[PDB]
Each structure stands twice: as C-alpha cells, then as structure tokens.
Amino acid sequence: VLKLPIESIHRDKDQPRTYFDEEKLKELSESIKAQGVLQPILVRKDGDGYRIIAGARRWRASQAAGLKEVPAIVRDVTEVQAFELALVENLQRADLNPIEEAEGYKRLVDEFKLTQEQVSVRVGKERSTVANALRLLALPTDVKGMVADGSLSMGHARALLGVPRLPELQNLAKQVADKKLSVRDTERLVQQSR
C-alpha cells in the first residue's frame, strides 16, 4: 500500500457517480480527520499521475481535510475492467441496519466509556444522529425488530417514542408497519395517545 501525493491523483471522467451529497462528504472528511483513510483508494497510471478507479469521495474528503497523501493501490487494468471495479466496489456492500448502528454507539458508550460527544467525533456523525440512534434502543423488542428489518423507518420510530403506555406503543407500531402508514400520519396518532 502506497501513500500517493494527493496532487498526483485526478478524477475519472467516465466515473459512474455524478452527485456528491455535501453533508455526507463533510461527515466522511470528519471520520478521516479522526481515523485516517481506512481503505486505500484504487487508481491506475494516467497522464502525469493517477486517475481514480474507485475512491472519489475519499479523495475529495481527504483534500477537504488538508491531507498531503492518500493510501492507494495502483491497479494495472483496462478501461473496461476499471469501470467494472468501480461498480463492484460501490454495489457489493451491505449496510448496518439502524439497530446495529445504534448498538454500535451503545457499546462505545457502555463498554468503552466514551461520551456521546466522543462517539460523534471518533466516528464522524452528528450529535443528533448519535443521540437519536441511542433513544431507539428504549423501544420494546418487537418494535426494534421492525426497525431492524426495515418495516419501520427511523422517522417512524422517533415518533413512537412519544407514546406513554408500552402496551399502546406496541399496538400502534404494529398498525403503522402493517398499514404502511407515512411518518406524518404516525405523528398525529401518537398525540392522541397522550
């Protein structure tokens, strides 16, 4: 694994990704300041330096963070194979579900004795994201199960935390998931439970 001078790397004009969410890029950059770039970018020799195969976000985020080098693997590949590698890198991934994410933050706090502030800084996420994820874990087992398997979104879950009675919360959760009610619909029903 090389450390390539950041100035020697330029973008792939044939890149599959067009839009770069600004906030997500900033979060990536914060994680880089905390941990460095964990996974080397893939590049190929091109012109006066290297062109990205896979790693445009790591590259841009490293630039924003003011790094002088980025870890890199130099691949000797054709143009068609470079494009296949870019797609494979992006598409062959499975995200943690919201409960797995929440439990991750909880382990850093409970087992490793980090504050929520430190979690936020060390992983590169907003304080609200960390706080909200942690509040999900107060929900009953069946409801967390619905958040985990994606039958309830994070939005749905945030609303349901306002139901005072645990029996009633669980019944409402089932209804929202079963009828596939929108997040706004769910908010209204919680206020009635009061």
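A residue's number is simply how far along the shown sequence it sits, counting from 1.
- Averaged over their C-alpha atoms, the temperature factors of 136-144 and 59-67 are higher for 136-144.
- Taking only CA atoms, the mean B-factor in the PDB entry is higher for 166-174 than for the other of 166-174 and 17-25.
- Of the candidates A159, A34, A131, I41, the deposited coordinates give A159 the top C-alpha B factor.
- Sorting the modelled residues of the chain by their CA temperature factor places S8 in the middle third.
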